[PDB]
């Protein structure tokens, strides 16, 4: 009876000390996605709780923190695959950085002296236009759709030198209205409601 107990204790030790012992996540996967509450990421990727490192922010956009996190998981925690997942009805496609900056300026905030990263004072902007850009709203970045942002994020990570390129990278769009992924720019909803010449079953 004791040999099973000993076995299960060692298993529990490995799980509790993965980052000490150099054990990766179960699918060696890292996911860049959205903090949005409707983006239920795990079921749409077909993954289990311990399968991936899931990074989440406003819009699922590549920030310095996204790169910081991506660079550690890949280089140090054995991640070999990245999946970028933007989503539909994203808040970053509902406002602009100009509106947001003016909103804060009207409450007394001063973009030039606001401490954007208290733990890293080296990061300053010294411009109101850089403060607008910092929020990373779609229209300010010149992006029209989450599909375009998914591919854009894939490209940024693909070209960045902090990531090793044995790593495979792919981008998808989460559809909040159907809780399902699509490939960027592959929309079948217009095609199914129009005439289209079908073929006879062989």
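Residue numbers count along the first chain shown, from 1.
Once the C-alpha B-factors are averaged per stretch, 17-25 and 180-188 rank with 180-188 first. Mean CA B-factor, 98-106 versus 72-80: the higher value falls on 98-106. In the deposited entry, the Cα temperature factor of residue 114 places it in the highest third of its chain's modelled residues.
Looking at the C-alpha B-factors along this chain, the one for residue 132 belongs to the highest third. Among the modelled residues of its chain, residue 161 has a C-alpha B-factor that falls in the middle third, as given in the PDB entry. In this PDB entry, residue 142 carries a Cα temperature factor that places it within the highest third of its chain's modelled residues. Among all modelled residues in its chain, residue 120 ranks in the highest third by Cα B-factor.
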